[PDB]
>>> print(open('work-v3.cif').read())   # mmCIF, C-alpha atoms and all ligand atoms
data_upload
loop_
_atom_site.label_atom_id
_atom_site.label_comp_id
_atom_site.auth_asym_id
_atom_site.auth_seq_id
_atom_site.Cartn_x
_atom_site.Cartn_y
_atom_site.Cartn_z
CA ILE A 1 20.72 59.38 -13.22
CA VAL A 2 19.76 61.67 -16.15
CA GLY A 3 22.64 63.62 -17.84
CA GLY A 4 25.37 61.69 -16.08
CA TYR A 5 28.22 59.45 -17.17
CA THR A 6 29.34 55.83 -16.66
CA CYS A 7 31.31 55.81 -13.42
CA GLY A 8 33.71 53.04 -14.40
CA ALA A 9 33.57 49.63 -12.62
CA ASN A 10 33.98 49.81 -8.86
CA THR A 11 35.02 53.46 -8.85
CA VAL A 12 32.24 54.18 -6.22
CA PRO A 13 33.04 51.27 -3.80
CA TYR A 14 30.51 52.28 -1.16
CA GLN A 15 27.51 52.13 -3.53
CA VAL A 16 25.08 49.25 -2.99
CA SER A 17 21.98 48.02 -4.79
CA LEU A 18 19.00 46.91 -2.65
CA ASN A 19 17.52 43.91 -4.45
CA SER A 20 14.26 41.90 -4.09
CA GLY A 21 14.48 40.00 -7.43
CA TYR A 22 15.27 43.32 -9.27
CA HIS A 23 17.19 46.56 -8.27
CA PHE A 24 14.71 48.99 -6.58
CA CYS A 25 16.89 51.48 -4.55
CA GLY A 26 20.50 52.38 -3.90
CA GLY A 27 22.26 52.73 -0.54
CA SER A 28 25.70 53.46 1.00
CA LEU A 29 28.00 51.17 3.02
CA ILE A 30 29.08 53.11 6.18
CA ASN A 31 30.94 50.18 8.01
CA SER A 32 31.20 46.41 7.24
CA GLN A 33 27.78 45.61 8.68
CA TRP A 34 25.59 48.66 8.05
CA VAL A 35 24.12 50.49 5.07
CA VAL A 36 22.24 53.79 5.04
CA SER A 37 19.41 54.28 2.54
CA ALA A 38 16.08 56.08 2.41
CA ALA A 39 13.11 55.17 4.57
CA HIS A 40 10.77 55.10 1.58
CA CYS A 41 12.84 52.23 0.07
CA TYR A 42 11.75 50.02 2.95
CA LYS A 43 10.35 46.55 2.08
CA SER A 44 10.95 43.04 3.43
CA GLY A 45 13.10 40.54 1.56
CA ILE A 46 15.99 42.87 0.89
CA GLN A 47 19.23 41.37 -0.37
CA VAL A 48 22.04 44.02 -0.35
CA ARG A 49 24.38 43.68 -3.37
CA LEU A 50 27.87 45.16 -2.89
CA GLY A 51 30.75 45.42 -5.48
CA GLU A 52 28.37 45.82 -8.43
CA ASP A 53 28.86 47.58 -11.70
CA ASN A 54 26.56 45.68 -14.19
CA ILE A 55 23.64 44.58 -11.95
CA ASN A 56 22.43 42.06 -14.51
CA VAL A 57 25.80 40.22 -14.91
CA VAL A 58 27.95 38.54 -12.21
CA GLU A 59 31.33 40.02 -13.28
CA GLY A 60 33.32 39.32 -10.14
CA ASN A 61 33.64 41.42 -6.86
CA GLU A 62 30.00 41.13 -6.02
CA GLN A 63 28.99 40.20 -2.48
CA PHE A 64 25.24 39.42 -2.01
CA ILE A 65 24.24 39.64 1.65
CA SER A 66 20.75 39.56 3.13
CA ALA A 67 19.60 42.32 5.44
CA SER A 68 19.08 41.05 9.01
CA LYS A 69 16.93 44.15 9.85
CA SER A 70 16.04 47.54 8.47
CA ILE A 71 15.51 50.46 10.86
CA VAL A 72 13.25 53.21 9.41
CA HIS A 73 13.68 56.50 11.31
CA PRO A 74 10.74 56.57 13.94
CA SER A 75 9.74 60.06 12.80
CA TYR A 76 9.71 59.23 9.05
CA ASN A 77 6.59 60.85 7.47
CA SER A 78 5.64 59.17 4.19
CA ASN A 79 3.52 62.11 3.02
CA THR A 80 6.22 64.81 3.40
CA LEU A 81 9.24 62.46 3.22
CA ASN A 82 10.68 64.31 6.20
CA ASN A 83 13.32 62.07 7.99
CA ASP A 84 13.66 59.88 4.87
CA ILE A 85 16.55 57.76 6.18
CA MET A 86 16.87 54.06 7.04
CA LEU A 87 19.71 51.92 8.39
CA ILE A 88 20.03 48.27 7.15
CA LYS A 89 22.09 45.80 9.23
CA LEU A 90 23.69 43.01 7.14
CA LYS A 91 23.28 39.29 8.19
CA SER A 92 27.13 38.90 7.94
CA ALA A 93 29.84 41.53 7.63
CA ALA A 94 31.07 42.29 4.17
CA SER A 95 34.74 41.81 3.20
CA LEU A 96 36.03 45.31 2.53
CA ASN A 97 38.81 45.75 -0.04
CA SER A 98 39.45 48.40 -2.76
CA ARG A 99 36.23 47.47 -4.61
CA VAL A 100 33.96 47.36 -1.56
CA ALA A 101 34.66 50.10 0.97
CA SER A 102 32.58 52.22 3.37
CA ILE A 103 32.21 56.01 3.15
CA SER A 104 32.63 58.36 6.12
CA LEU A 105 29.79 60.14 7.84
CA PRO A 106 30.24 63.95 8.06
CA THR A 107 31.30 65.93 11.13
CA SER A 108 29.82 69.17 9.71
CA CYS A 109 27.13 69.97 7.13
CA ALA A 110 28.21 71.06 3.68
CA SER A 111 27.77 74.57 2.31
CA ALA A 112 25.90 75.71 -0.79
CA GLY A 113 28.13 75.50 -3.81
CA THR A 114 29.87 72.32 -2.56
CA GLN A 115 30.28 69.90 -5.50
CA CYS A 116 29.14 66.32 -4.77
CA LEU A 117 29.01 63.01 -6.59
CA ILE A 118 25.59 61.30 -6.93
CA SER A 119 25.34 57.77 -8.34
CA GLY A 120 22.90 55.01 -9.09
CA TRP A 121 21.22 52.59 -11.53
CA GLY A 122 18.11 54.73 -11.89
CA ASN A 123 16.30 55.85 -14.98
CA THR A 124 18.47 57.88 -17.40
CA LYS A 125 15.52 59.60 -19.24
CA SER A 126 13.41 62.55 -17.96
CA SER A 127 10.64 61.81 -20.40
CA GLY A 128 10.35 57.96 -20.53
CA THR A 129 12.20 55.02 -18.85
CA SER A 130 15.64 53.65 -19.85
CA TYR A 131 17.32 51.75 -16.93
CA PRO A 132 21.10 51.16 -17.26
CA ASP A 133 23.00 47.96 -16.61
CA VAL A 134 26.02 49.83 -15.15
CA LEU A 135 26.39 52.54 -12.55
CA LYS A 136 25.98 56.13 -13.56
CA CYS A 137 27.51 59.18 -11.90
CA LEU A 138 26.64 62.87 -11.82
CA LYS A 139 28.68 65.70 -10.26
CA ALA A 140 26.18 68.32 -8.98
CA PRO A 141 26.35 71.22 -6.47
CA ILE A 142 24.30 71.79 -3.27
CA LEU A 143 21.95 74.75 -3.89
CA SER A 144 21.23 77.54 -1.41
CA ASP A 145 18.27 77.07 0.88
CA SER A 146 16.58 80.14 -0.65
CA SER A 147 16.71 78.67 -4.20
CA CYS A 148 15.53 75.29 -2.86
CA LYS A 149 12.54 76.72 -0.91
CA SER A 150 11.68 78.96 -3.81
CA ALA A 151 11.50 75.88 -6.07
CA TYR A 152 9.41 73.81 -3.65
CA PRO A 153 7.54 76.27 -1.38
CA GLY A 154 6.19 74.74 1.86
CA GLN A 155 7.84 71.32 1.14
CA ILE A 156 11.43 71.65 2.27
CA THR A 157 12.21 70.96 5.92
CA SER A 158 15.49 71.53 7.68
CA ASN A 159 16.30 67.82 7.05
CA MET A 160 16.45 68.34 3.29
CA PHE A 161 18.64 70.21 0.82
CA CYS A 162 18.50 70.60 -3.00
CA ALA A 163 21.37 69.73 -5.29
CA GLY A 164 21.42 69.89 -9.04
CA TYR A 165 20.88 72.25 -11.97
CA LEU A 166 17.98 74.67 -12.31
CA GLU A 167 18.47 74.69 -16.10
CA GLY A 168 17.24 71.04 -16.15
CA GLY A 169 19.07 68.16 -17.94
CA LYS A 170 21.03 66.55 -15.10
CA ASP A 171 19.32 64.98 -12.04
CA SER A 172 18.93 61.75 -10.07
CA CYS A 173 15.66 59.87 -10.98
CA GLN A 174 13.53 56.82 -10.14
CA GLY A 175 15.75 53.91 -9.10
CA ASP A 176 18.40 56.21 -7.59
CA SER A 177 16.45 56.76 -4.29
CA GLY A 178 18.42 55.74 -1.18
CA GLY A 179 21.80 56.25 -2.81
CA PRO A 180 24.69 58.52 -1.99
CA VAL A 181 25.50 62.16 -2.33
CA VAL A 182 29.20 62.40 -1.39
CA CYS A 183 31.02 65.71 -1.01
CA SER A 184 34.76 65.82 -0.19
CA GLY A 185 34.67 62.17 0.90
CA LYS A 186 31.79 62.46 3.35
CA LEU A 187 28.28 61.17 2.88
CA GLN A 188 26.21 64.43 2.97
CA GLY A 189 22.93 63.27 1.36
CA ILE A 190 20.64 60.38 0.51
CA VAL A 191 18.66 60.59 -2.80
CA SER A 192 15.09 61.21 -1.62
CA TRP A 193 12.68 62.88 -4.09
CA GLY A 194 12.11 65.42 -6.92
CA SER A 195 9.27 66.56 -9.31
CA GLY A 196 9.82 64.46 -12.44
CA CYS A 197 13.52 64.16 -13.32
CA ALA A 198 15.77 66.85 -14.76
CA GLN A 199 12.95 69.39 -15.33
CA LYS A 200 13.84 73.11 -15.31
CA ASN A 201 13.66 74.78 -11.87
CA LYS A 202 12.83 71.42 -10.13
CA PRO A 203 16.21 70.26 -8.59
CA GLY A 204 16.47 66.91 -6.76
CA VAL A 205 15.87 66.92 -2.94
CA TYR A 206 18.13 64.97 -0.64
CA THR A 207 18.04 63.90 3.03
CA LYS A 208 20.55 66.08 4.94
CA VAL A 209 22.73 63.43 6.59
CA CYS A 210 24.68 65.82 8.88
CA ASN A 211 21.46 66.23 10.97
CA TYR A 212 21.36 62.47 11.67
CA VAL A 213 24.94 61.49 12.65
CA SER A 214 24.20 61.09 16.41
CA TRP A 215 21.00 59.19 15.61
CA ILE A 216 22.94 56.82 13.30
CA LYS A 217 25.72 56.29 15.83
CA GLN A 218 23.40 55.69 18.82
CA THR A 219 21.18 53.38 16.80
CA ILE A 220 24.15 51.26 15.51
CA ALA A 221 25.67 51.20 18.99
CA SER A 222 22.46 49.61 20.43
CA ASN A 223 21.71 47.07 17.62
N1 LIG B 1 14.02 63.65 -9.57
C1 LIG B 1 14.69 63.15 -8.56
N2 LIG B 1 15.74 63.77 -8.03
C2 LIG B 1 14.29 61.89 -8.02
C3 LIG B 1 15.24 61.13 -7.24
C4 LIG B 1 14.88 59.90 -6.71
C5 LIG B 1 13.64 59.42 -6.98
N3 LIG B 1 13.09 58.30 -6.65
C6 LIG B 1 11.87 58.32 -7.15
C7 LIG B 1 10.95 57.30 -7.01
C8 LIG B 1 9.80 57.28 -7.80
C9 LIG B 1 8.86 56.28 -7.68
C10 LIG B 1 9.07 55.26 -6.77
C11 LIG B 1 10.23 55.27 -5.95
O1 LIG B 1 10.52 54.29 -5.02
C12 LIG B 1 9.60 53.23 -4.74
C13 LIG B 1 10.15 51.95 -5.32
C14 LIG B 1 11.07 51.41 -4.24
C15 LIG B 1 10.30 51.76 -3.00
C16 LIG B 1 9.76 53.13 -3.26
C17 LIG B 1 11.16 56.29 -6.09
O2 LIG B 1 12.30 56.34 -5.31
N4 LIG B 1 11.60 59.42 -7.85
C18 LIG B 1 12.73 60.09 -7.73
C19 LIG B 1 13.03 61.35 -8.27
CA CA B 2 27.08 42.39 -11.52
#
>>> encode(input="work-v3.cif", output="structure tokens", more="lines below")
Ligand SMILES: NC(=[NH2+])c1ccc2[nH]c(-c3cccc(OC4CCCC4)c3[O-])nc2c1
Ligand SMILES: [Ca+2]
Amino acid sequence: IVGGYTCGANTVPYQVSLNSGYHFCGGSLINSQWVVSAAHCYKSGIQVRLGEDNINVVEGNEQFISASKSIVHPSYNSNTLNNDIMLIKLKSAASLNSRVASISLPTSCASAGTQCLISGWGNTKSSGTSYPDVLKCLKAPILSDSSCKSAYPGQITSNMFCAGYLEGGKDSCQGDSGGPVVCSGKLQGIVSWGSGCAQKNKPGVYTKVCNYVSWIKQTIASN
């Protein structure tokens, strides 16, 4: 997260770290056995780490659970990143409490101007790499579709939306992919991609979760 602030320990209880010997993507807990992340974060050997703040220190509240299976959306396109969403089923259910809680899926899509919270352990520099030990937060608004398509002509599909600041300075970045974009307590986006991090007129692009709620529900119901 570039231009953000330290969230405070366990203040984002639905945030998870996908780990394979190091943190490589974020994700969101939607019920005690499933996590939603981005399809491009897919790899085998994923251990999901819940209740984290410092990902390099066991401070208490952490729950490390292996993924039993990861379901990449069947229409995921790795060249355009269209349908960049993945569901991860946990080997055992997590124990939910005030520090580990799930976030609600939306019933309607959010409008431009809606303020959301984006979080993650990704790079905090736009020019260089500085990875934090604790979770960083950024409050950012959803941009209009016209500003988004004007910034990335021919690359935005209806399953994507832009959020951020056109003046540059605040953005999600490498290591934040797969994590949450929460607006008024509903999960509206998944960190997907961007051009560099926090550059002027290049806002971050997110997977539009409201377009996938029936897919998520039907997939969870059959697995
Ligand atoms: N500027 C942004 N809003 C942005 C947000 C998330 C990003 N994630 C990445 C990213 C870059 C290189 C490799 C990645 O993931 C690979 C390692 C884990 C598997 C895929 C990224 O997510 N760039 C990103 C840029
Ligand atoms: Ca820790």
>>> closest_atom_pairs(input="work-v3.cif", of="chain A", to="ligand LIG 1 (chain B)", cutoff="7 Å", atoms="only C-alpha atoms and all ligand atoms", output="tab-separated table")
residue	atom	partner	partner_atom	distance
A:24	CA	B:LIG1	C14	5.0
A:25	CA	B:LIG1	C14	5.8
A:40	CA	B:LIG1	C16	5.3
A:41	CA	B:LIG1	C15	4.0
A:42	CA	B:LIG1	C15	6.4
A:171	CA	B:LIG1	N2	5.5
A:172	CA	B:LIG1	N2	4.3
A:173	CA	B:LIG1	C2	3.8
A:174	CA	B:LIG1	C6	3.7
A:175	CA	B:LIG1	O2	5.7
A:176	CA	B:LIG1	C4	5.2
A:177	CA	B:LIG1	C4	4.3
A:191	CA	B:LIG1	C4	5.5
A:192	CA	B:LIG1	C4	5.3
A:193	CA	B:LIG1	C2	4.4
A:194	CA	B:LIG1	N1	3.7
A:195	CA	B:LIG1	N1	5.6
A:196	CA	B:LIG1	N1	5.2
A:197	CA	B:LIG1	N1	3.8
A:198	CA	B:LIG1	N1	6.3
A:203	CA	B:LIG1	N2	6.5
A:204	CA	B:LIG1	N2	3.5
A:205	CA	B:LIG1	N2	6.0
>>> residues_around(input="work-v3.cif", residues="residue 155 in chain A", least_positions_apart="4", cutoff="12 Å", atoms="all atoms listed in the file", output="number ranges by chain")
A: 79-82, 145, 148-151, 159-162, 193-195, 205
>>> atom_distance(input="work-v3.cif", atom1="CA of residue 99 in chain A", atom2="CA of residue 181 in chain A")
18.3 Å
>>> residues_near_ligand(input="work-v3.cif", ligand="ligand CA 2 (chain B)", cutoff="10 Å", atoms="all atoms listed in the file", output="list in words")
residues 9, 49, 50, 51, 52, 53, 54, 55, 56, 57, 58, 59, 60, 61, 62, 63, 133 and 134 of chain A
>>> closest_residue(input="work-v3.cif", among="A:199, A:45, A:217, A:110", to="residue 168 in chain A", atoms="only C-alpha atoms")
A:199
>>> residues_near_point(input="work-v3.cif", point="(29.3, 55.1, -4.9)", cutoff="8 Å", atoms="only C-alpha atoms", output="ChimeraX atom specification")
/A:11-16,28,118-120,179-180
>>> atom_distance(input="work-v3.cif", atom1="CA of residue 26 in chain A", atom2="CA of residue 87 in chain A")
12.3 Å
>>> residues_around(input="work-v3.cif", residues="residue 94 in chain A", least_positions_apart="2", cutoff="12 Å", atoms="all atoms listed in the file", output="PyMOL selection string")
chain A and resi 14+16+29-35+48-51+61-67+89-92+96-97+99-102
>>> closest_residue(input="work-v3.cif", among="A:124, A:68, A:104, A:114", to="residue 3 in chain A", atoms="all atoms listed in the file")
A:124
>>> closest_residue(input="work-v3.cif", among="A:46, A:220, A:88, A:187", to="residue 208 in chain A", atoms="all atoms listed in the file")
A:187
>>> residues_near_point(input="work-v3.cif", point="(30.9, 60.3, -18.3)", cutoff="9 Å", atoms="all atoms listed in the file", output="mmCIF file with C-alpha atoms, in the coordinates of the input")
data_model
loop_
_atom_site.group_PDB
_atom_site.id
_atom_site.type_symbol
_atom_site.label_atom_id
_atom_site.label_comp_id
_atom_site.auth_asym_id
_atom_site.auth_seq_id
_atom_site.Cartn_x
_atom_site.Cartn_y
_atom_site.Cartn_z
ATOM 1 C CA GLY A 3 22.640 63.620 -17.840
ATOM 2 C CA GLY A 4 25.370 61.690 -16.080
ATOM 3 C CA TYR A 5 28.220 59.450 -17.170
ATOM 4 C CA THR A 6 29.340 55.830 -16.660
ATOM 5 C CA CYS A 7 31.310 55.810 -13.420
ATOM 6 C CA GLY A 8 33.710 53.040 -14.400
ATOM 7 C CA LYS A 136 25.980 56.130 -13.560
ATOM 8 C CA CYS A 137 27.510 59.180 -11.900
ATOM 9 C CA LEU A 138 26.640 62.870 -11.820
#
>>> closest_residue(input="work-v3.cif", among="A:47, A:129, A:108, A:158", to="residue 70 in chain A", atoms="all atoms listed in the file")
A:47
>>> atom_distance(input="work-v3.cif", atom1="CA of residue 167 in chain A", atom2="CA of residue 184 in chain A")
24.4 Å
>>> closest_residue(input="work-v3.cif", among="A:141, A:156, A:131, A:218", to="residue 22 in chain A", atoms="all atoms listed in the file")
A:131
>>> closest_residue(input="work-v3.cif", among="A:143, A:183, A:121, A:188", to="residue 201 in chain A", atoms="all atoms listed in the file")
A:143
